[PDB]
Chemist: 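Structure provided below as structure tokens; questions to follow.
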Amino acid sequence: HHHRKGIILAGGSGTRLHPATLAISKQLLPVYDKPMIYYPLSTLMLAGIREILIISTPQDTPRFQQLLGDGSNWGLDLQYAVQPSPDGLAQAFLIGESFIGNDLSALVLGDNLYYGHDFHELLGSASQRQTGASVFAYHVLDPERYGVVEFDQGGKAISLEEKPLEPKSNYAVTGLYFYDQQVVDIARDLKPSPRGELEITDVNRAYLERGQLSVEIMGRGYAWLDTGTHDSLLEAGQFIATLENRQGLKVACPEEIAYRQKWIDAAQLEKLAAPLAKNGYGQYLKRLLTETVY
Amino acid sequence: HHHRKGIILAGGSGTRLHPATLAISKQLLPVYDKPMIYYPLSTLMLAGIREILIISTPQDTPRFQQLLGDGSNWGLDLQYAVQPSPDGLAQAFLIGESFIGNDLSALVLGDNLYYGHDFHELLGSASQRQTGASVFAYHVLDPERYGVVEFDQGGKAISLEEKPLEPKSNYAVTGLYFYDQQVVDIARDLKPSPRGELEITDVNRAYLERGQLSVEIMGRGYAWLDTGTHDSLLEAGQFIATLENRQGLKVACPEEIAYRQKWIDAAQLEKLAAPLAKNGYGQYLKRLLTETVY
Amino acid sequence: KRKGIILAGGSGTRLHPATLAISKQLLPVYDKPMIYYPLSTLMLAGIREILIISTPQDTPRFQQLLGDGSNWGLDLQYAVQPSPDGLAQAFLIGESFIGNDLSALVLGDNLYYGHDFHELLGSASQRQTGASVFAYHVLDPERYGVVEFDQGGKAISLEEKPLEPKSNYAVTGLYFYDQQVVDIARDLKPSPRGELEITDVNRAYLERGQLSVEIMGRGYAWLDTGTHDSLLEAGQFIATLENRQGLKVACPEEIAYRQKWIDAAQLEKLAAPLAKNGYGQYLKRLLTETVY
Amino acid sequence: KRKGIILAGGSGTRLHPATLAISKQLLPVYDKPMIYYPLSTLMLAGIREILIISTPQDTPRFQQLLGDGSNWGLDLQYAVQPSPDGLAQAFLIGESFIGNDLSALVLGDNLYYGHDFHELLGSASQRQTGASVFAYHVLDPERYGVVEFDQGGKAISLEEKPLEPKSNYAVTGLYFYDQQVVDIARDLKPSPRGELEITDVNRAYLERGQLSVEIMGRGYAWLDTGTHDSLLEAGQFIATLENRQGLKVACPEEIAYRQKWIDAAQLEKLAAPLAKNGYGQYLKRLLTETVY
Ligand SMILES: CCCCn1c(N)c(N(C)S(=O)(=O)c2ccccc2)c(=O)[nH]c1=O
Ligand SMILES: CCCCn1c(N)c(N(C)S(=O)(=O)c2ccccc2)c(=O)[nH]c1=O
Ligand SMILES: CCCCn1c(N)c(N(C)S(=O)(=O)c2ccccc2)c(=O)[nH]c1=O
Ligand SMILES: CCCCn1c(N)c(N(C)S(=O)(=O)c2ccccc2)c(=O)[nH]c1=O
Ligand SMILES: [Cl-]
Ligand SMILES: [Cl-]
Ligand SMILES: [Cl-]
Ligand SMILES: [Cl-]
């Protein structure tokens with residue numbers, strides 16, 4: 001008788017971006033002024049998630065651990081798992097099964113950057129849906145590269161296709177997914193696609209066929225940035241730099257997000273600022289203590 | 001017995017950006033794939049404003065007229081005035097006095113670019129306030145360069161200062177202003193500041209002292225882009241290019257905004273596409289006829 | 001004596017609406033009008049007498065920008081190209097300007113940068129007979145005049161926008177000609193696309209073994225201004241060089257002064273109007289600083 | 001025989017958190033690890049025997065990346081610098097590697113580009129006595145070793161990060177030395193900031209009239225990797241060159257192959273693992289294409 005956790009998939013991108021990524025995983029590469037993984041981590045945090053599993057290669061887990069620790073500095077609890085071989089995104093749920101337990105979950109890709117107004121509220125809406133799965137659809141130039149969602153005249157999602165040659169719309173599914181307690185069992189019964197991968201689109205189609213997939217539009221006023229190529233990586237750095245140098249505010253500073261969620265107080269933030277007091281990042285953390293930012 | 005119009009200030013930026021701007025006004029320079037003036041024009045249009053006065057130098061008015069015409073192609077009515085000498089932003093209301101008549105108004109700077117989610121609704125809120133004046137405050141790195149707003153502990157605006165050496169906050173007033181029928185008379189009684197200029201901050205302080213200035217925060221999730229330097233111009237081009245190449249959607253395409261406001265129909269948009277059918281811009285206009293974009 | 005021509009004519013509707021109000025070559029690349037860059041190139045090549053060819057609409061604009069040239073030690077003239085009917089029209093339009101002198105054409109939207117560019121130009125300019133062009137390795141040779149070389153490195157063919165390019169070597173927008181070019185241009189027939197082709201002019205020199213094709217090495221930057229994306233990149237490229245160095249690329253006043261076409265007192269007068277911005281400050285600092 | 005050293009040591013906490021997980025010199029600049037660029041520079045200078053010096057933590061990472069060098073016709077060795085105690089420590093750490101040979105140090109985060117760079121390096125490398133450095137005009141000379149010249153153009157002083165720089169000419173991160181440098185390094189005292197200064201090594205050669213200071217001209221790009229903004233720019237600069245040209249900057253496999261240190265069949269083996277991305281495709285295309 002019986003009476004939301006986060007996952008960040010930051011494993012191998014294979015040899016796709018070699019030789020740039022020969023010495024280090026993509027998700028530890030900087031995007032402008034901070035490691036890439038700070039952005040998806042900050043995203044889960046904005047969604048109010050505090051218990052988070054980082055999935056990386058066996059080779060780079062210690063590097064993630066060194067950067068991020070156990071989370072206690074930022075009011076989180078961070079755990080780690082390895083993905084020996086990159087057998088697909090849906091594998092996150094088998095690797096993370098004991099971590100998830102009987103809870104709701106959120107999966108984010110470790111190389112996905114988001115930006116925009118009321119992003120907190122867009123994340124809240126998905127996080128509040130305690131049943132079913134929630135994903136986001138975003139208009140892209142190149143829907144071929146993604147899971148593509150087709151809508152009917154009423155705006156209802158009626159199909160999902162993984163990397164179709166002739167996409168039914170320009171609406172790609174973003175690398176951010178919210179799931180109720182059915183996801184582990186759905187993942188467990190997945191059979192490898194032709195490429196040997198356990199596909200997240202198959203997971204989302206399972207929910208769709210059950211009438212339990214909410215697809216919310218992430219509007220054109222949001223930036224969902226591309227890190228798939230060297231070119232798009234560079235554009236992602238330039239995009240963040242322009243916003244931060246314009247505003248005097250950072251995007252996805254995890255210390256700041258914890259501070260504003262009240263997961264850490266002013267004294268704790270002051271201590272985090274000390275080691276970096278001579279660079280712009282530590283000076284930014286110090287300015288958060290006295291400035292009112294709306 | 002007696003029983004909202006837009007202005008775009010696109011006059012002289014002086015010799016500040018010479019020699020780049022020796023042959024042509026700044027507001028006709030491209031930002032990535034379209035003239036700069038398309039962005040503030042699109043902004044007024046998003047606010048639902050259809051009667052718009054463009055203020056330029058006598059030298060470049062014909063160039064604006066050639067680019068934009070009388071508005072009829074886009075469901076607008078565009079008129080023109082000249083600013084013989086750049087005697088300040090508040091001069092817009094004396095130059096535009098007969099154009100404004102007895103109506104409410106909106107002033108936008110011809111070199112200001114905005115971007116973000118629910119921008120339409122942020123513009124709507126200001127446009128709906130039929131009394132008083134409405135402005136926007138945005139957090140910037142360099143508030144010294146702008147009109148700066150100071151808030152009290154409750155978030156109420158309590159002072160405005162033009163280019164203070166020691167800014168009371170990092171909140172700059174953006175170059176977008178909504179005004180009731182009192183603005184022309186307020187402008188008329190302005191005395192030149194020490195620099196010989198008729199200051200918009202003095203106009204906004206007049207409303208503030210009357211308790212009729214609404215200052216809404218434009219959040220950090222919006223991009224209010226800088227075009228003040230060659231560097232910031234270049235960053236503005238890069239910023240737009242990244243969004244448009246990512247999305248397959250344009251920012252501030254005026255034809256598109258008219259189409260979506262129902263100011264022009266599909267047949268009219270088809271005709272606008274014809275002359276540019278061989279380039280990306282005309283091909284974009286054609287794709288708007290058949291695609292559903294949420 | 002070698003005369004210069006800059007062809008800054010119409011690029012059609014390809015970059016519209018960005019270029020609806022104004023010719024591309026009057027638009028800035030970072031901190032200065034695009035035409036400063038090819039103008040600076042002719043000046044570096046030692047050319048002082050220069051004809052600028054533009055659309056009828058925009059010739060007043062180039063004129064008010066650049067003047068008769070005298071304040072920079074140049075002698076500038078202007079002419080119009082009514083319609084975009086081929087780069088070779090420059091020699092028809094420019095026939096009486098050229099007269100019996102040597103000539104050099106540069107395209108108004110072409111940007112160059114690199115070490116010893118002066119000597120690369122100086123060598124081509126010194127060759128008093130035949131014609132000299134430059135071949136540059138590019139990713140997309142179909143867009144250009146493509147030069148094919150034999151195993152010995154000799155140029156053996158030229159094709160204008162081939163469907164199947166023979167190499168990745170594009171001819172750049174910089175051409176030096178002897179006294180034969182006008183007469184060769186006058187006998188050109190329009191191509192199938194309806195243009196008087198510069199590549200037909202160059203093939204005429206090639207058939208007589210009088211086309212010197214120099215490699216512009218990979219250490220030189222020949223930047224692309226043909227698309228919006230490429231305009232932007234060119235701006236970022238110049239900005240990175242100038243902000244790194246504290247030195248400008250293709251500042252005509254500097255080049256005049258370094259060629260000794262204007263003296264210290266004239267450079268000082270030029271600085272006066274712009275004194276309150278970076279460009280005039282730059283010009284002032286060139287008076288007292290030794291730059292190697 | 002001239003030996004090479006690359007100093008790819010710790011840059012402290014200056015770029016943290018971006019460099020918290022990994023040394024800057026193992027981070028990409030556009031399409032390849034930053035250290036490919038100074039490695040490619042030594043190889044272009046003709047240097048095959050090369051010592052890479054890094055933090056104790058990251059030496060395994062440079063090792064697994066670069067191997068013993070044999071697949072690129074190089075002979076690579078590795079050594080650690082326990083603490084960031086000055087660039088001159090390279091010659092102490094590298095003393096037994098150098099032995100009685102000539103040497104050249106390049107900083108692991110310095111990027112160069114330009115025409116005839118090979119000959120600029122080749123000339124310095126050929127000078128068998130004394131030391132050769134390069135002076136480059138920059139906007140912010142206070143950040144560097146600043147060289148002052150007399151009216152005749154002779155170097156007369158060197159200052160490390162002067163408060164009031166004497167010129168705008170910075171010494172770049174590329175240094176060639178004769179057999180004297182180790183012994184000069186061994187006698188260095190720590191500076192006031194607590195470091196063994198490369199500028200004190202260079203001043204020692206200067207006092208004996210044995211410092212050749214060559215101008216690296218404004219036609220060369222010496223790119224800045226010291227700030228986040230400057231990392232980004234360097235990436236945009238390399239991307240613009242490579243996408244324009246269809247040719248890569250500082251591809252070590254290409255440089256080996258062009259120096260004839262590996263043959264056509266070895267380059268082909270190298271291409272195999274990367275065949276499905278741009279980098280391996282590039283290597284394959286170098287087999288059949290003549291590039292001048
Ligand atoms: C709850 C505090 C939100 C303020 N905020 C913010 N809106 C942002 N954004 C710009 S964001 O909501 O779009 C965002 C937040 C986390 C990760 C990526 C974007 C941010 O990066 N950091 C912040 O502290
Ligand atoms: C009413 C149709 C709005 C859709 N839209 C849009 N949201 C935008 N934006 C990205 S925006 O609301 O931020 C905007 C609109 C006009 C000018 C600048 C930004 C746009 O540029 N063009 C559009 O057609
Ligand atoms: C005779 C003056 C040469 C120095 N020089 C120079 N080399 C350059 N170059 C960087 S350049 O030779 O590559 C060049 C010159 C004119 C136009 C484009 C590039 C320059 O822009 N301005 C200069 O004064
Ligand atoms: C002997 C091979 C020289 C051709 N070359 C070259 N010039 C360059 N350059 C662009 S470079 O000389 O300026 C250079 C070379 C190594 C590292 C940095 C720049 C190159 O990157 N790769 C090459 O194969
Ligand atoms: Cl939106
Ligand atoms: Cl916001
Ligand atoms: Cl070269
Ligand atoms: Cl040079």
Side-chain angles (χ1 to χ4, degrees), chain C residues 44 111-120 135-141 147-153 167-170 213-226 229-230 232-249 254 282 285 289-292, chain D residues 44 111-120 135-141 147-153 167-170 213-226 229-230 232-249 254 282 285 289-292:
Chain C
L44 196 73
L111 274 54
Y112 299 94
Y113 163 90
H115 165 75
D116 259 39
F117 191 43
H118 176 90
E119 284 74 25
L120 190 67
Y136 189 80
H137 195 288
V138 299
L139 182 55
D140 47 13
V147 56
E148 177 197 12
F149 304 91
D150 64 24
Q151 305 298 149
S167 74
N168 288 317
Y169 279 93
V213 182
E214 227 85 54
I215 299 304
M216 180 169 287
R218 65 204 284 181
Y220 287 102
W222 174 41
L223 296 170
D224 186 359
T225 54
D229 299 332
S230 89
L232 194 53
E233 267 166 304
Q236 170 71 85
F237 190 91
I238 298 309
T240 298
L241 290 176
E242 298 191 344
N243 297 305
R244 172 57 163 161
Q245 289 182 9
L247 288 175
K248 285 185 184 310
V249 176
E254 169 167 25
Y282 181 66
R285 176 166 60 80
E289 180 183 26
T290 312
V291 184
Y292 307 101
Chain D
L44 196 73
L111 274 54
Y112 299 94
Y113 163 90
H115 165 75
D116 259 39
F117 191 43
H118 176 90
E119 284 74 25
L120 190 67
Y136 189 80
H137 195 288
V138 299
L139 182 55
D140 47 13
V147 56
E148 177 197 12
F149 304 91
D150 64 24
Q151 305 298 149
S167 74
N168 288 317
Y169 279 93
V213 182
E214 227 85 54
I215 299 304
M216 180 169 287
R218 65 204 284 181
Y220 287 102
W222 174 41
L223 296 170
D224 186 359
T225 54
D229 299 332
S230 89
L232 194 53
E233 267 166 304
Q236 170 71 85
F237 190 91
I238 298 309
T240 298
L241 290 176
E242 298 191 344
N243 297 305
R244 172 57 163 161
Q245 289 182 9
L247 288 175
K248 285 185 184 310
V249 176
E254 169 167 25
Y282 181 66
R285 176 166 60 80
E289 180 183 26
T290 312
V291 184
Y292 307 101

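The basis for the numbers below is simple: all heavy atoms, side chains too, and nothing from hydrogens, waters or symmetry mates. Letters A, B, ... are given to chains in the order of the sequence lines, protein chains preceding strands, and every chain is numbered from 1.
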Chemist: Rounded to the nearest 0.5 Å, how far does CG of D/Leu232 lie from CD of C/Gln236?
Modeler: 7.0 Å
Chemist: Of the non-hydrogen atoms in D/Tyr113 and C/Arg218, which two are nearest, and what is the gap between them?
Modeler: OH-O, 2.7 Å
Chemist: Any side-chain heavy atom of D/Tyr169 sitting closer than 4.5 Å to one from C/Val291?
Modeler: yes
Chemist: Is D/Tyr292 in contact with chain C via its backbone, its side chain, both, or neither, using a 4.5 Å heavy-atom distance?
Modeler: both
Chemist: Would you confirm whether C/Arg244, through its side chain, and D/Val138, through its main-chain N or O, come within 3.5 Å as a donor-acceptor pair?
Modeler: no
Chemist: So which of D/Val249, D/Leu247, D/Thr240 has the largest heavy-atom pair count under 4.5 angstrom toward chain C?
Modeler: D/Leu247
Chemist: Less than 4.5 Å to any heavy atom of chain C: does that hold for the side chain of D/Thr290, its backbone, both, or neither?
Modeler: backbone
Chemist: What's the separation between atom CG in C/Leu139 and atom CD in D/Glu242, rounded to the nearest 0.5 Å?
Modeler: 11.0 Å
Chemist: With the side chain counted from C-beta on, respond yes when D/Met216 and C/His115 share a heavy-atom pair under 4.5 Å apart, and no when they do not.
Modeler: no
Chemist: Measure D/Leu223 against the heavy atoms of chain C and call it side chain, backbone, both or neither at under 4.5 Å.
Modeler: both
Chemist: Restricting to non-hydrogen atoms, name the atom on D/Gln245 and the atom on C/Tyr220 that form the minimum distance, rounded to 0.1 Å.
Modeler: NE2-O, 3.7 Å
Chemist: Give me the atom names and distance for the closest heavy-atom approach of D/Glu289 to C/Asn168.
Modeler: OE2-ND2, 2.8 Å
